[PDB]
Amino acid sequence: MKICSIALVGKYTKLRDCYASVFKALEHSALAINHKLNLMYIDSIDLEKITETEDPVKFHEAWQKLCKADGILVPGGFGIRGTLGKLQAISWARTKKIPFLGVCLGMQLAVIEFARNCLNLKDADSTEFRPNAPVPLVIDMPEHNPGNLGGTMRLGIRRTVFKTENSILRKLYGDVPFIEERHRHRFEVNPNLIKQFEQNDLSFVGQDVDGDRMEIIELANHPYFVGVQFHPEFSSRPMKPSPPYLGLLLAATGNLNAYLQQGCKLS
């Protein structure tokens, strides 16, 4: 088979049990388009300047892996650790037009990266690990559901509704007006800052049922640059690969338009 190389920019330099569902979703997608998956694991701190100084061999190893990648994935995340590295990975994929998928934290970092470098909102940040942030672009937004005391994390299966008929993800999900996926997050794009994005290339193409939380992003003028707040891994299966992962492997291999034109068989 032809090989597809995908960089997973995360916490470790090898397969850990926290990425098992993620690996399985990529493999379903790979098999479904008759490619062998070569998943390169990159510890995101290695891509940072600090590592160039203290361990340049690791630094150049990380960047070589990132630069040979046909597709780049920033999955759901742990903490403040290696955030700058992930932003650099995202910057690379954006500017070099490499197929990109950001999941939960990876969507949020993608929003922040676009804000800093394409909207010139230089200090745009998440309040999660700096609550006194000047531009609070990503913020703590609990649900307040019936039968509970106080706010809670957005958890379990939820409906995401498409805001437009011109979304590549909508196509890949089989042209339905909404989807149901699993959530585990409390930080959201700040609604006070959404107006800033309207004349620019990053669009919010999916939202929760109430319309307060932006859940899917897509970058125009790029072959495939996608972020989702939910974890699409958890609904992937061999005969129905998770569309966002399928779209990444399709785009990484140069086969996306062909799949659209054959009628999205695997949706």
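Residue indices: 1-based, along the sequence shown.
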Which has the higher mean CA temperature factor in the PDB entry, 4-12 or 258-266?
258-266
Between 27-35 and 225-233, point out the one with the higher average CA B-factor as the PDB entry records it.
27-35
Looking at the C-alpha B-factor values in the deposited entry, which of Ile112, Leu105, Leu101, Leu155 comes out highest?
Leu155
Can you pull the Cα B-factors for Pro191, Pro131, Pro75, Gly71 from the entry and say which is highest?
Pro131
Ranked C-alpha temperature factor of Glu143 among modelled chain residues, by third:
middle
Third of the chain, ranked by Cα B-factor, where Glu218 sits
lowest
Third of chain Cα B-factors occupied by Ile168
middle
Within this chain's modelled residues, let me know which third the CA B factor of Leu121 belongs to: lowest, middle or highest.
highest
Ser242 CA temperature factor, ranked by third within the chain
lowest
